[PDB]
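Contents: one structure, followed by commentary.
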Amino acid sequence: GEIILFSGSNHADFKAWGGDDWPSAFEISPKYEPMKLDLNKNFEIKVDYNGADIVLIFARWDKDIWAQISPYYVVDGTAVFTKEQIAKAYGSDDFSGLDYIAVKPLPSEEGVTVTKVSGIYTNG
Ligand SMILES: OC[C@H]1O[C@@H](O)[C@H](O)[C@@H](O)[C@@H]1O[C@@H]1O[C@H](CO[C@H]2OC[C@@H](O)[C@H](O)[C@H]2O)[C@@H](O[C@@H]2O[C@H](CO[C@H]3OC[C@@H](O)[C@H](O)[C@H]3O)[C@@H](O[C@@H]3O[C@H](CO[C@H]4OC[C@@H](O)[C@H](O)[C@H]4O)[C@@H](O)[C@H](O)[C@H]3O)[C@H](O)[C@H]2O)[C@H](O)[C@H]1O
């Protein structure tokens, strides 16, 4: 409360599925990139975005998981994803082996722009 993980403009264009790549407006490989946020903490993730709807992805390649979730809610161009959601989609709240974290847009006419991403710690 509060750990800034990104700021400034990032536009992503995405028309539909079934192509080559599904691009991200923001993404981390936590096995190689150092990361501020503590996953074992009880947390939420807030994203300031504009335009198309969005999803948050937590993925592990070797066990082949693709936890992908919608916002808990959205207010004033700010979405909110909780840990309860992520863990439920992931199958567990133990993220050892985690390969990939990303904010991705759904198929839209004219894409999305992310202005900021952050994390917050909570009192369970
Ligand atoms: O293990 C290989 C691994 O190596 C890494 O080095 C590499 O970077 C990884 O990309 C790669 O893993 C594969 O990633 C691709 C693409 O992932 C993106 O993010 C990672 C970036 O590196 C990369 O640049 C990006 O392109 C994944 O493909 C996507 O998979 C998701 C979800 O997983 C699907 O397949 C596995 C199965 O268990 C899931 O249930 C299934 O959903 C798909 O997202 C879903 O899309 C559907 C629409 O489906 C469409 O499929 C094909 C299309 O022709 C047809 O029209 C549609 O049916 C929506 O309904 C869902 O909302 C959504 O969840 C993407 O469509 C798909 O591109 C690979 O899964 C992964 O192996």
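Scheme for the structure tokens: letters A, B, ... for chains in order shown; per-chain residue numbers from 1; ligand numbers from 1 in order shown.
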
Name each residue within 8 Å of ligand 1, counting only C-alpha atoms and all ligand atoms, as a ChimeraX atom specification.
-> /A:16-24,61-62,64-66,68,100,102

Strand (DSSP E or B) residues, from DSSP on the backbone, in chain A, as a PyMOL selection string | chain A and resi 3-12+26-28+43-51+54-60+65-69+73-74+78-82+100-105+112-121

Determine the nearest neighbour of residue 81 of chain A from the options A:98, A:52, A:57, A:45, counting only C-alpha atoms.
->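 Smallest distance to residue 81 of chain A is found for A:45.
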
Give me the residues within 12 Å of residue 63 of chain A as JSON, numbers by chain, counting only C-alpha atoms and dropping any in the same chain fewer than 3 places off.
-> {"A": [59, 60, 66, 67, 90, 91, 95, 96, 97, 98, 99]}

For the atom pair atom CA of residue 105 of chain A and atom CA of residue 39 of chain A, what is the interatomic distance in Å to one decimal place?
->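 About the pair atom CA of residue 105 of chain A and atom CA of residue 39 of chain A: they are 23.2 Å apart.
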
Compile the contact shell of residue 78 of chain A as a ChimeraX atom specification: residues with an atom at most 10 Å away, counting only C-alpha atoms, same-chain residues fewer than 4 positions apart removed.
-> /A:46-50,71,73-74,114-117

Could the residues in this selection be written to a file with N, CA and C atoms, as a PDB file, in the first residue's frame?
ATOM      1  N   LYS A  46      -4.388  -3.227  -8.756  1.00  0.00           N
ATOM      2  CA  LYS A  46      -5.195  -2.181  -9.383  1.00  0.00           C
ATOM      3  C   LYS A  46      -4.543  -1.678 -10.674  1.00  0.00           C
ATOM      4  N   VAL A  47      -5.354  -1.465 -11.713  1.00  0.00           N
ATOM      5  CA  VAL A  47      -4.850  -1.020 -13.018  1.00  0.00           C
ATOM      6  C   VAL A  47      -5.639   0.166 -13.560  1.00  0.00           C
ATOM      7  N   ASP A  48      -4.949   1.279 -13.797  1.00  0.00           N
ATOM      8  CA  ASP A  48      -5.549   2.420 -14.479  1.00  0.00           C
ATOM      9  C   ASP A  48      -5.484   2.177 -15.978  1.00  0.00           C
ATOM     10  N   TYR A  49      -6.644   1.979 -16.605  1.00  0.00           N
ATOM     11  CA  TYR A  49      -6.715   1.739 -18.051  1.00  0.00           C
ATOM     12  C   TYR A  49      -7.790   2.582 -18.723  1.00  0.00           C
ATOM     13  N   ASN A  50      -7.691   2.660 -20.046  1.00  0.00           N
ATOM     14  CA  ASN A  50      -8.654   3.373 -20.874  1.00  0.00           C
ATOM     15  C   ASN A  50      -8.949   2.587 -22.151  1.00  0.00           C
ATOM     16  N   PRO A  71     -11.976  -8.356 -13.867  1.00  0.00           N
ATOM     17  CA  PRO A  71     -11.925  -7.496 -12.685  1.00  0.00           C
ATOM     18  C   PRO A  71     -12.971  -7.848 -11.627  1.00  0.00           C
ATOM     19  N   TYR A  73     -14.092  -5.478  -9.817  1.00  0.00           N
ATOM     20  CA  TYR A  73     -14.955  -4.360 -10.199  1.00  0.00           C
ATOM     21  C   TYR A  73     -14.153  -3.326 -10.996  1.00  0.00           C
ATOM     22  N   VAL A  74     -14.855  -2.329 -11.540  1.00  0.00           N
ATOM     23  CA  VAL A  74     -14.226  -1.247 -12.309  1.00  0.00           C
ATOM     24  C   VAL A  74     -14.882   0.104 -12.002  1.00  0.00           C
ATOM     25  N   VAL A 114      -2.938   1.344 -21.115  1.00  0.00           N
ATOM     26  CA  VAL A 114      -2.720   1.273 -19.675  1.00  0.00           C
ATOM     27  C   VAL A 114      -1.834   2.438 -19.261  1.00  0.00           C
ATOM     28  N   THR A 115      -2.310   3.213 -18.288  1.00  0.00           N
ATOM     29  CA  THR A 115      -1.568   4.360 -17.765  1.00  0.00           C
ATOM     30  C   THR A 115      -0.756   4.003 -16.507  1.00  0.00           C
ATOM     31  N   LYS A 116      -1.196   2.987 -15.757  1.00  0.00           N
ATOM     32  CA  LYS A 116      -0.511   2.575 -14.525  1.00  0.00           C
ATOM     33  C   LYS A 116      -0.984   1.210 -14.014  1.00  0.00           C
ATOM     34  N   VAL A 117      -0.064   0.480 -13.379  1.00  0.00           N
ATOM     35  CA  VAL A 117      -0.359  -0.783 -12.686  1.00  0.00           C
ATOM     36  C   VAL A 117       0.281  -0.751 -11.296  1.00  0.00           C
TER      37      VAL A 117
END
